[PDB]
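Remarks on the structure that follows.
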Amino acid sequence: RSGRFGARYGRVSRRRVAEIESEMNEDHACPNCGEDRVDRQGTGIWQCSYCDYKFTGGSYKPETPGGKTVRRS
Amino acid sequence: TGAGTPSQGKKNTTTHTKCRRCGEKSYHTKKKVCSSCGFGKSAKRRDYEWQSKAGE
Amino acid sequence: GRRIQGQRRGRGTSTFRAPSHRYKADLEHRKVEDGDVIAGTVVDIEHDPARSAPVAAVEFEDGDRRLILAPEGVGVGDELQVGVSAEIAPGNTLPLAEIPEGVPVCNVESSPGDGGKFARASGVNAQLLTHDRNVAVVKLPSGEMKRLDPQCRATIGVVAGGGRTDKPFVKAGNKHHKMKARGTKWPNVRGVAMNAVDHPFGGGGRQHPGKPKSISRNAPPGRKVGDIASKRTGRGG
Amino acid sequence: XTXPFXX
RNA sequence: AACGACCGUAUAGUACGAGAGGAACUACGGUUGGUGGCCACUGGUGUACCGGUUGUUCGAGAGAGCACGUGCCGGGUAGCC
RNA sequence: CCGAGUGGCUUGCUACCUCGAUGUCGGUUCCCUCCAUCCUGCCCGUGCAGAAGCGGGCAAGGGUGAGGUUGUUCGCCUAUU
RNA sequence: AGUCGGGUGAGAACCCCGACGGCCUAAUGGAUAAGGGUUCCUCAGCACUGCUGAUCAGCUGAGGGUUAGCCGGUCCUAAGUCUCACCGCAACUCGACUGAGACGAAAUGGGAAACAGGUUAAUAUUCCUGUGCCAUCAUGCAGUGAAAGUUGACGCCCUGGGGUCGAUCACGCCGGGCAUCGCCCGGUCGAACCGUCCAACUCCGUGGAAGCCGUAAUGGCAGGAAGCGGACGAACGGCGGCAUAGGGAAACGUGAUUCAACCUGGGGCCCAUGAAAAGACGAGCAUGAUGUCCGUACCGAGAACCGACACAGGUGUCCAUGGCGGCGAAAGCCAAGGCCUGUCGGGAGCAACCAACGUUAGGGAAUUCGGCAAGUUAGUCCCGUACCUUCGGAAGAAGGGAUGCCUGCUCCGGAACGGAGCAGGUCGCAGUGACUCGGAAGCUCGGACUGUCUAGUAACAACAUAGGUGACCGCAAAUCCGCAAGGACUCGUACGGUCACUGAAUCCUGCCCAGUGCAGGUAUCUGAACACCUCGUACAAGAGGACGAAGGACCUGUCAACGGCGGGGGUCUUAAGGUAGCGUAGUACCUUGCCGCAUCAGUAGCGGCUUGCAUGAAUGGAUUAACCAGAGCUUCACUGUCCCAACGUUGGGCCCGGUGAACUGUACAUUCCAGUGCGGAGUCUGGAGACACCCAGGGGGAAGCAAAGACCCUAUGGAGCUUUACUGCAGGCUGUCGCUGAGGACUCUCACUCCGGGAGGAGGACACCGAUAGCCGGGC
RNA sequence: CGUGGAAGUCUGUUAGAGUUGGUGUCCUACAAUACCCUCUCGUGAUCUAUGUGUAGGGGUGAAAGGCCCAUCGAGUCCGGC
Ligand SMILES: [Cl-]
Ligand SMILES: [Cl-]
Ligand SMILES: [Cl-]
Ligand SMILES: [Cl-]
Ligand SMILES: [K+]
Ligand SMILES: [Mg+2]
Ligand SMILES: [Mg+2]
Ligand SMILES: [Mg+2]
Ligand SMILES: [Mg+2]
Ligand SMILES: [Mg+2]
Ligand SMILES: [Mg+2]
Ligand SMILES: [Mg+2]
Ligand SMILES: [Mg+2]
Ligand SMILES: [Mg+2]
Ligand SMILES: [Mg+2]
Ligand SMILES: [Mg+2]
Ligand SMILES: [Mg+2]
Ligand SMILES: [Mg+2]
Ligand SMILES: [Mg+2]
Ligand SMILES: [Mg+2]
Ligand SMILES: [Mg+2]
Ligand SMILES: [Mg+2]
Ligand SMILES: [Mg+2]
Ligand SMILES: [Mg+2]
Ligand SMILES: [Mg+2]
Ligand SMILES: [Mg+2]
Ligand SMILES: [Mg+2]
Ligand SMILES: [Mg+2]
Ligand SMILES: [Mg+2]
Ligand SMILES: [Mg+2]
Ligand SMILES: [Mg+2]
Ligand SMILES: [Mg+2]
Ligand SMILES: [Mg+2]
Ligand SMILES: [Mg+2]
Ligand SMILES: [Mg+2]
Ligand SMILES: [Mg+2]
Ligand SMILES: [Mg+2]
Ligand SMILES: [Mg+2]
Ligand SMILES: [Mg+2]
Ligand SMILES: [Mg+2]
Ligand SMILES: [Mg+2]
Ligand SMILES: [Mg+2]
Ligand SMILES: [Mg+2]
Ligand SMILES: [Mg+2]
Ligand SMILES: [Mg+2]
Ligand SMILES: [Mg+2]
Ligand SMILES: [Mg+2]
Ligand SMILES: [Mg+2]
Ligand SMILES: [Mg+2]
Ligand SMILES: [Mg+2]
Ligand SMILES: [Mg+2]
Ligand SMILES: [Mg+2]
Ligand code: NA
Ligand code: NA
Ligand code: NA
Ligand code: NA
Ligand code: NA
Ligand code: NA
Ligand code: NA
Ligand code: NA
Ligand code: NA
Ligand code: NA
Ligand code: NA
Ligand code: NA
Ligand code: NA
Ligand code: NA
Ligand code: NA
Ligand code: NA
Ligand code: NA
Ligand code: NA
Ligand code: NA
Ligand code: NA
Ligand code: NA
Ligand code: NA
Numbered sequence: 010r011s012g013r014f015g016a017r018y019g020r021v022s023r024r025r026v027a028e029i030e031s032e033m034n035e036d037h038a039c040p041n042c043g044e045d046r047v048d049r050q051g052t053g054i055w056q057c058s059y060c061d062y063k064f065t066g067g068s069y070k071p072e073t074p075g076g077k078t079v080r081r082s
Numbered sequence: 001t002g003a004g005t006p007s008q009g010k011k012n013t014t015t016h017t018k019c020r021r022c023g024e025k026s027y028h029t030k031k032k033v034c035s036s037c038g039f040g041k042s043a044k045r046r047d048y049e050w051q052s053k054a055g056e
Numbered sequence: 001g002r003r004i005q006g007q008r009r010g011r012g013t014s015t016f017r018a019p020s021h022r023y024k025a026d027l028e029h030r031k032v033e034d035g036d037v038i039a040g041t042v043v044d045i046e047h048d049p050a051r052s053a054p055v056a057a058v059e060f061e062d063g064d065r066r067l068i069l070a071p072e073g074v075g076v077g078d079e080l081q082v083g084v085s086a087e088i089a090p091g092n093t094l095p096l097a098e099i100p101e102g103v104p105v106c107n108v109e110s111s112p113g114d115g116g117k118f119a120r121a122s123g124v125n126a127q128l129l130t131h132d133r134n135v136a137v138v139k140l141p142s143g144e145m146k147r148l149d150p151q152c153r154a155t156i157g158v159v160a161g162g163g164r165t166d167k168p169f170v171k172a173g174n175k176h177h178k179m180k181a182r183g184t185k186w187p188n189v190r191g192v193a194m195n196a197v198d199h200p201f202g203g204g205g206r207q208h209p210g211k212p213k214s215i216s217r218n219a220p221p222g223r224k225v226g227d228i229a230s231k232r233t234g235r236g237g
Numbered sequence: 001x002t003x004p005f006x007x
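Protein chains in written order, with the deposited numbering: chain Z, 10 to 82; chain 1, 1 to 56; chain A, 1 to 237; chain 4, 1 to 7.
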């Protein structure tokens, strides 16, 4: 995680990098199929290593609280 | 690094060259303008009154 | 003295310009004589250097290939539509008039046809509230209520890449790299750390501003620094 | 011009 | 300045003094600082020399070169100190 | 207390000398000197029994060392003398 | 870094041959870019140049020398540049935009095509021999396909597979070397091109896995896994030809390991997204013709470049795979190749003195501002490891042990000429035996960290940083550039970017709006010009009035805005009256404060107290792990820093041949002690001393040489900087006039503006622009 | 336990970059900023070649009034003179 930062940058900074990156690296349910196979391709880009679906999503998450709102209305 | 002798070593760039119009080695081959006659900038010849004493 | 930094800026030299020659596409809404019959298929999802956010490549029915300000959830294969009759789903672009109230919108036009102006940064989004035969009330991401022509076209959904600001840069090196893709001089030296000659706050035996930081709006460039026309300062009260 | 001659 | 000064012993547990305590002349031994000289002795050096030994090169052996002006290690004559 | 002086280390005063520059403080090294003498020699007095001192006289031959804090000079401190 | 012979010559230490001895190993070798410009080769020379000499030469003189369809240029496009047009400007050789065109890459971007040998004093993928290839066109045959697509064409980190050269190992052959042995060295060749082979990736069929397949790793699958079959498909690689070509005195090998080049995959990262165009492919074959123009010598550096020099400086790319060594592109040593030109020599055991340096007994920082300088430690393995800590770190903490050779072996692996161990034997004072190679520990201060800086006395605590906070702005924006035409931000849009402050984390950040600043409001007061009203004037100047914009008065908001946080008494100034903390501070005058630690002794250091001359909260306060060529202090270790100096080594120094400057010089000058003098005299005065000349020395004096004193003052000197100094100038805000139109509030559309491809939409007599007026106005 | 191989990460005269001490050598120098040893960085806010842009009250500046051809609190040249 933030282990790469050695004893630098102080708590908050690395604590947050670890968290964000932890969630970022989790198994994400593909919007197309349902397989937990979505991975970040870059800043805001995600893709299903299964069906290859490539889509826009959060910057560090594939789904942002804001996005989930659109759906509704 | 001294600005003196040691900084003289890198000076191997060619700029001012024999000018096609006036024959002076003042043609800046990177600027394509002659510092002497003005070839490349002015159709007229580069000339200023300050190149001599006011009353002359 | 010497022109302060803000003055060197205006001159538009290299140091201060954006590496435009490295930018992908001036994201702007398409044009349609009318009808709305226009629609294309998402072909790819790229990284937009100018906005540190993803953008989508699209091929339209009339074989037109262009990059588009991508909302969230737009994936390859998806079919977007741009027109008065365009469906009411995320990704589609249509005049506010046709958009139902309460729907999150992004890349809104100021004047109809300008191709989008408001809400285009990572994860932001406007908010359509009021309909009228005359005015469409949009609540911009800054929280301001903007009165717009119901003919101004806008895209449904929120901009992609949201939450980008949540992770700290942590190290100068990370700013460096990002900064290098914008029209900005970085790093930043505080006036107070400069010589009197270089900035109104320069000089002294110790570091401190030589006057109150709040400057008048009517101040001339070269002297307008610090807190510009501040209605107030601090966090208290 | 800098204290001792000529530092 | 070619010499300056100090400690110790005998004098004497004496003169003196209630006691406590406690000298001197003189003769001795030594120390310190300074001075001039010298090298038997001790010590240093001693890239004179002899030996051990690592790397490498001359095929091995033998015998050598280089490793900063001896590769390092051990011993060390004269002389100089 | 008051009064009379010598010195030219301190400080102050003056503005004579140098502003076409006479290189700073402290330290260091190396040489000569002064006496208003700390020790050493020879002496006087003693509130000088002795021992240890206290004060003074002649006297500049020799000596007057090592360290802890401090850039310090100065000074404070330690153990030797 | 030379030495002995010898050569040439009028002349030889340094020109040439040989031998012996050395030096250079990412360079002192090889190929080159820029730059130089004939320095290249040859012959003849020595007046010049060469740190001495010269027969030599980058010198002088005269000749000669650079050969390309397939190496570069040329072509393409990059940041960006110019030209024309348009517009601006008093104007231009000026100026931003827009449109069109052109320019912009010689090592090192993209790119049609060449290899091998031979040759000259000097060129060489250029000439010659052999062989091959590309393009265009022409003719003939085929073909009617033909433009969609592919390619050119791409970041960073890790990694697998294919694989050549090289290197090494085994054995054979050819040639050499060595001489107790049987070893050691070199060689054992052979291209472009043509043909052919194909692993990886992708896909297809078959198959039918419900747990298997697979990797260095990740991974894969009923949406179809393994296996089998197949389509597509790689090398500068293999294989065949090329080649009874070439090359070699000869032999003119075969296998293997590790494998640069080259080929092809997999994984990971981005608040960073990693060129473009020409061109190629797509799209056959034969024969013939054509392929012009420019560069090509040489140097590429301790003598051919820049630095005034044959300058110890500076100056890009490729050779990173030669051997031993070892982790290594490290040291040390040695090839290939280069060199003895980092170009003056000869002589003295060669003194003093100086530069680099070795070794010094006993002591061991006593030296000193300070351990400055030097020294100690050191490689690898095993054991073991404190406080503190942000849990990462601290940490190689510290500390202890081991370490060679020789004999025979074991384990890992396909194997290495890879690695890890075992038993026995054995030498030395010493086994990382040289070389390579940390001294260690603690306390306090500062800045969080990596990073930045005064090119040439400052590397630091200064700057930056992430992080924290405040301010401005909805884009026809805020901010900024331009005289204008116009422009940066901006292919951007509040998760933005402008303007500032603070400066990681951690616990926190009190009180004050009185002054100043900024901003909002405002009955009333003050507030310019035009128009308007009165007076005045046959008109006019002019005087007064009415209305009143911004602004000010006044009011309010605001301190993570400038800044403030006391005296007195049991409020006063001027708003408040110092909260948490910290405290004799890098802030404390008094001061070496007092007490304690530590030492024989401690203006130091650390801790406590602390009334703080004159601490204190984003002018950030406290505190803090890690980090540091940062400041202070303590300990162990170590030592010529010191007691106290000695001896030694090399280069000078000294003598000799040759070369050969400069600084400085009013004159006189063998001085010394005193005195005098504008008070700091070799020269005046009095005495003393004093025969001349020369060598070496360390520098006492010549207020030594070098610099018209920086300090200080003065001059109605200069400049940079500041401000509520004087005066002005931009700029911003605001009223008014013009553009400007119809019906103190209001409608419209037609100028004008803006959005829109257009149709048309928004806006609209405003805004913009021109003119003027008031206010703000160190931005200048 | 292994695999993996992150990092403005560590050691490092790899290349390359930098410039702390010696206040050494030099100081009519080899040199108008050099030499030697010592020292810092060395996968990144890295170093570097070439091409290109910014011009003088203007640039450029992680800010030292640093730099803009040995020239900088306002470059250089000529002119005003
Ligand atoms: Cl940013
Ligand atoms: Cl003592
Ligand atoms: Cl070429
Ligand atoms: Cl793989
Ligand atoms: K003076
Ligand atoms: Mg300069
Ligand atoms: Mg755009
Ligand atoms: Mg932020
Ligand atoms: Mg930039
Ligand atoms: Mg800053
Ligand atoms: Mg400053
Ligand atoms: Mg100013
Ligand atoms: Mg500050
Ligand atoms: Mg000065
Ligand atoms: Mg030797
Ligand atoms: Mg050793
Ligand atoms: Mg003098
Ligand atoms: Mg007397
Ligand atoms: Mg005497
Ligand atoms: Mg000749
Ligand atoms: Mg020649
Ligand atoms: Mg071109
Ligand atoms: Mg090329
Ligand atoms: Mg040649
Ligand atoms: Mg050639
Ligand atoms: Mg030379
Ligand atoms: Mg000793
Ligand atoms: Mg001491
Ligand atoms: Mg002492
Ligand atoms: Mg040292
Ligand atoms: Mg095995
Ligand atoms: Mg202190
Ligand atoms: Mg720091
Ligand atoms: Mg400096
Ligand atoms: Mg430093
Ligand atoms: Mg320095
Ligand atoms: Mg900040
Ligand atoms: Mg900030
Ligand atoms: Mg700071
Ligand atoms: Mg204290
Ligand atoms: Mg506060
Ligand atoms: Mg401050
Ligand atoms: Mg006389
Ligand atoms: Mg003067
Ligand atoms: Mg002054
Ligand atoms: Mg002035
Ligand atoms: Mg427009
Ligand atoms: Mg001024
Ligand atoms: Mg690092
Ligand atoms: Mg390093
Ligand atoms: Mg450049
Ligand atoms: Mg300053
Ligand atoms: Na200031
Ligand atoms: Na007197
Ligand atoms: Na006096
Ligand atoms: Na004088
Ligand atoms: Na002195
Ligand atoms: Na005496
Ligand atoms: Na003392
Ligand atoms: Na082949
Ligand atoms: Na090797
Ligand atoms: Na010579
Ligand atoms: Na670093
Ligand atoms: Na106030
Ligand atoms: Na106020
Ligand atoms: Na304060
Ligand atoms: Na650092
Ligand atoms: Na020594
Ligand atoms: Na002298
Ligand atoms: Na000035
Ligand atoms: Na693991
Ligand atoms: Na240095
Ligand atoms: Na100027
Ligand atoms: Na003049």
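In this text, a Cβ means the ideal position worked out from N, Cα and C, and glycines have one as well.
Where does residue i sit, in a helix, a strand or coil, going by DSSP?
| i | result |
| --- | --- |
| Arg-66 (chain A) | strand |
| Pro-19 (chain A) | coil |
| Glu-98 (chain A) | helix |
| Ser-26 (chain 1) | strand |
| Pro-54 (chain A) | strand |
Where DSSP assigns a beta bridge to residue i, which residues make up the other side?
| i | result |
| --- | --- |
| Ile-54 (chain Z) | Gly-51 (chain Z), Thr-65 (chain Z) |
| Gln-81 (chain A) | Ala-39 (chain A) |
| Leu-128 (chain A) | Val-138 (chain A) |
| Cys-106 (chain A) | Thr-155 (chain A) |
| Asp-26 (chain A) | Answer is none; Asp-26 (chain A) lacks a bridge partner. |
| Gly-75 (chain A) | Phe-64 (chain Z) |
Between residue i and chain A, is any beta-carbon pair separated by less than 7 Å?
| i | result |
| --- | --- |
| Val-79 (chain Z) | yes |
| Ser-82 (chain Z) | yes |
| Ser-31 (chain Z) | no |
| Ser-11 (chain Z) | no |
Please decide whether residue i counts as near chain Z, where near means a Cβ-Cβ distance under 7 Å.
| i | result |
| --- | --- |
| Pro-200 (chain A) | no |
Less than 6 Å separating the Cβ of residue i from some heavy atom of ligand 12?
| i | result |
| --- | --- |
| residue 238 (chain A) | Absent from the model: residue 238 (chain A). The displayed extent of chain A is 1 to 237, so no value can be given. |
Could you tell me whether any non-hydrogen atom of ligand 53 is closer than 6 Å to the CB of residue i?
| i | result |
| --- | --- |
| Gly-226 (chain A) | no |
Let me know the beta strand (DSSP E) ranges lying completely inside the segment 144–226 of chain A, each 3 residues or longer, listed in chain order. 145–148, 153–156
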